[PDB]
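Taking it in order: structure first as structure tokens, then the write-up.
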Amino acid sequence: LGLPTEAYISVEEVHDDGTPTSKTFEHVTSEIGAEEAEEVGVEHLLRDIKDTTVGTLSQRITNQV
Amino acid sequence: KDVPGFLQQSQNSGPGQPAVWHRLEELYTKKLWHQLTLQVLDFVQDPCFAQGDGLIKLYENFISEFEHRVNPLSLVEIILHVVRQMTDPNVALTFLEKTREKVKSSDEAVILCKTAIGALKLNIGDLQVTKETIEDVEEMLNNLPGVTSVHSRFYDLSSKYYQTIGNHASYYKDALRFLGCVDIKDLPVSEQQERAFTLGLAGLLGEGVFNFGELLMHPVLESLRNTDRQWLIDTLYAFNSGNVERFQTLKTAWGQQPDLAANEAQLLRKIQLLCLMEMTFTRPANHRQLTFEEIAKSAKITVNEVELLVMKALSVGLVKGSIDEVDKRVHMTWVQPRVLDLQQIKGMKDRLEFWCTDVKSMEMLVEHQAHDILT
Amino acid sequence: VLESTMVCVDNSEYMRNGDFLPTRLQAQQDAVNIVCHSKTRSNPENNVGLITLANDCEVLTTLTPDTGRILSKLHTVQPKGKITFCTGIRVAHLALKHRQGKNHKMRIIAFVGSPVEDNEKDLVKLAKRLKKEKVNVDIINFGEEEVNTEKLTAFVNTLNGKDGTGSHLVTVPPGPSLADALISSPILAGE
């Protein structure tokens, strides 16, 4: 139910309650993307697993669920 | 040499502490160049040095000996205590300048020296130079790492400076940061008590300080629990949880404080604003429409001033919404996040459980209804 | 003999002490210079790394046959903070384990002249772990000849067990640069 990559960036946290500022990890929106050749290779690898005869509407309903 | 002669003669001529005199001479002869810093620290923070220049002469001779091979920070605080001794602040300021020049090093030494200079000249009276030195000190300190045991002196300096000016908001911020940096246990009970009282006063008088759950939960606001100065904690509760009735009830109490005598109107507006916040928060997310009569009753103001109060609230940004004066209703949609108790967290948890059940129900419904097409 | 060694160097606030001419920092630099020269003169496949023991307990240079890198990195060092040495030895052992040459015999040599405020129980536990994982240690102590020398001797004996001769200690009282003793010590003598 989620992507495999969780991206973080260290940032100083200036607390409003006067506690000492400490370095903390801050999340950054991470997603998976492919070059043209990377997409070609991964599509070849998933040639028989990935289902493409779904239809746009069916895929969007699957995205909703 | 001169130093051997001075140490051997003052071993007995010098007033008191033959044991540590012998320890210092033995360490110097051994030429270890450490544990003598700790010995001099102890021998300088030990008593009977106030009221005399024995500390000054000790410092002078010892730095003439080994000013170079000392931990910069250690040299700085021993110089701080030396300057605590001795007076005529022109010589003290020149001496601190020479100290900083001697100890250009890891910014902790320089930053503590600059804090000392700022404190000295603030006590002298000049304030603009204290402002600029505080600005430079904060700028240099921002580059440092976190826990270092050196931020407390600057935070105290800034607190005193802003208190002297009367900038209660900045003083509140800086004193609370000082409290966070330092430990309660090191602070004596009396110092904790007085600091908590003054921090509470700063919170009351803060132009933009509208959060008080954090204060009421702050550990240092506990030395006032069984205290005569307490009279500030009950007011703080009545002031956070907007209750203007209890505010006037304690008016006979908090009115004594001279600082909280010309700011009654300021505090009155502040409490009425917090009361608006509190009533809006207490009301649910559906029937959050406030009538002018309700707000007037709650805040002990009139329907002709509740309107200005609400606009002031919106401007300061504590609440979001609109006003319909034709029907005299204040539509609200958001209030500043407020601290929650354990029961409130539990109730929020139950609401979250209801939300999760609804989400799961429609997940199941969509999946079952679209099972054929759904991939 | 194929040797993968790391030098743990204590660089606490005490290493501005001048009991060793000119200062313990320069004495330590000379000591590491001579020990690394001995390592190089030994089987050239032997490799040497550098760990600094301070409030950060950091690793400066990992295993590397070259010596100029280690010398420059150790020159770019200042004394600050206190020593932990338990972290120190554990991190050193991890560096040993993650060495390209598995056939290299594991070696840690620690200059630890300082007050070691670590409880003897954990000292002996770490010693047992190191010996059972087959890493020998040759500890070097200077300055405090009494505060921690008993603890270091007990640590070395615990590593020794009954016949684990690989574990050794060398304590040198104050004097000239820490060169003559290190040269005429059993450690470099056996090289």
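Numbers below:
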| quantity | calculated |
| --- | --- |
| Net charge dipole size for chain A [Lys, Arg +1 and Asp, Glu -1 on Cβ; Debye, nearest 20] | 340 |
| Unit Cα scatterers, Debye sum, the range B:84-145: log10 I(q)/I(0) for q = 0.24, 0.25, 0.27, 0.30 Å⁻¹ | -1.03, -1.09, -1.20, -1.31 |
| Peptide ranges B:73-83, B:134-144 listed from the most packed, as the mean C-beta count within 10 angstrom indicates | B:73-83, B:134-144 |
| Hits among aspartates and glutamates - C-alpha to C-alpha of residue C:102 under 15 Å, sequence gap 8 or more where chains match | C:3, C:45, C:133 |
| The range C:84-133, dipole about Cα centre (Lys/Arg Cβ +1, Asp/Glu Cβ -1), debye to the nearest 20 | 480 |
| Viscosity 1.002 mPa s, 20 °C: Kirkwood-radius Stokes-Einstein D of the range A:1-56 over Cα pairs, µm²/s | 140 |
| Gyration tensor verdict on the range B:2-67 (Cα atoms; rounded if a/c is under 1.5, prolate if a/b is larger than b/c, oblate otherwise) | rounded |
| Given charges at beta-carbon only (K, R positive; D, E negative), |dipole| of the protein assembly as shown in Debye | 1140 |
| Longest segment of chain C lacking trypsin sites (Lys or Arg not before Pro) that sit in a DSSP loop with at most 10 other Cβ atoms within 10 Å | C:1-101 |
| Residue among B:48, B:258, B:73 farthest towards the positive dipole end of the range B:1-332, charges placed on Cβ | B:258 |
| DSSP-defined antiparallel bridges as percent of all bridges, the range C:2-185, nearest 5 | 15 |
| Chain C, helix-only ellipticity at 222 nm - DSSP H runs n ≥ 4, -39,500 (n - 2.57), divided by all residues, nearest 500 | -11000 deg cm²/dmol |
| Cross-link pairs beyond the 20 Å C-alpha cut-off, checked among B:121/B:160; C:121/C:151; B:57/C:80; B:1/B:104; C:105/C:128; B:270/B:312 | B:57/C:80; B:1/B:104 |
| Rounded Å value of the spacing that divides the Cα centres of the range C:120-144 and the range B:33-90 | 40 |
| Of the DSSP H helices in chain C, those whose Cα atoms cover at least 15 Å axially and whose Kyte score averages -1.0 or more | C:24-41, C:86-97, C:149-160 |
| Folded to 0 to 90 degrees: helix B:18-30 orientation relative to chain B principal axis, Cα | 80 |
| Relative contact order (%) - criterion: Cα under 8 Å, at least six apart; region: the range B:226-335 | 23 |
| Degrees, to the nearest 10: B:2-13 long Cα axis against longest axis of chain B | 80 |
| Taking the range B:1-332 and dividing mean pair separation by its residue count, relative contact order in percent (alpha carbons under 8 Å, at least six apart) | 8 |
| Reachable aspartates and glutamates from residue B:251, criterion Cα separation under 13 angstrom, eight or more residues apart if same chain | B:234, B:264 |
| Descending semi-axes in whole angstrom, ellipsoid equivalent of the range C:2-185, from the Cα gyration tensor | 22, 21, 15 |
| The range B:1-332 - Debye-derived log10 I(q)/I(0), Cα point model, q = 0.10, 0.14, 0.15 Å⁻¹ | -0.74, -1.11, -1.21 |
| Square roots of five times the Cα gyration tensor eigenvalues for the protein assembly as shown, Å | 58, 45, 20 |
| DSSP bridge pairs, the protein assembly as shown: antiparallel proportion in percent, nearest 5 | 45 |
| The range C:2-185, relative contact order in percent, only Cα pairs under 8 angstrom and at least six apart counted | 26 |
| Degrees between helix B:107-124 axis and first principal axis of chain B (Cα, 0 to 90, nearest 10) | 90 |
| C-alpha center-to-center spacing [the range B:302-375, the range C:51-77] in angstrom | 58 |
| Where only C-alpha atoms are counted, convex hull volume of the range B:229-341 per residue in Å³ | 107 |
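Heads up, the Cβs are rebuilt from the backbone with ideal geometry, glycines too, and the neighbour counts pull from every protein chain shown. The numbers here are math on the coordinates, done by the rules we state, and not lab data.
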